[PDB]
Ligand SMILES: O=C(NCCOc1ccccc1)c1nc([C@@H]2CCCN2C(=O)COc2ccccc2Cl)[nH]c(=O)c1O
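This document starts with one chain, in the form deposited without the ligand, laid out as structure tokens.
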């Protein structure tokens, strides 16, 4: 799986994932499913931010904590949107709302509720993807066009298929915890 991750994801995503794991004392060479999951999540966030009009989204995920909060606080100050308790993933300048993105190995509805429960926000939009083509977004409002969403859904399916071909998928699929 470590070899899979390093050949599947671009070096910027892999570096960010390694850093995120080491910040919690986790070794990417040992907790390789986690390594894969973090990379997938980052890749989805960046894909999502590329799917709108130029300048539609601000990326928050993947930034160091200080810069992430600087971005969040700046946006809150200039738009008056409520300050979230936890860092979200993106800000949507069109809809004027923060976005929390999730990618799940279980099922989109359970992950959606867990995420709703964690952030406890009246205002932050949630969008969840699976590796088998399901999605689930707050108020069935999927933000992006069918084409952009299809690209994300296809990418995750492709990752799943590659894992399966290497006999990595069944361990990976069963590795997410409530």
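Residue numbers count along the first chain shown, from 1.
Although it is not shown, the form deposited with the ligand bound is what the next lines describe.
For residue 115, a non-hydrogen atom is located within 4.5 Å of the ligand in the deposited bound form, even though that partner is not displayed. In the deposited bound form, residue 103 approaches the ligand with a heavy atom inside 4.5 Å.
When the ligand is considered in the deposited bound form, residue 125 lies well away from it, no heavy atom lying within 4.5 Å. None of the heavy atoms of residue 137 is located within 4.5 Å of the ligand in the deposited bound form. Using a 4.5 Å cut-off on any heavy atom, the residues of 21-50 that reach the ligand in the deposited bound form are, in sequence order, 21, 24, 26, 34, 37, 38, 41.
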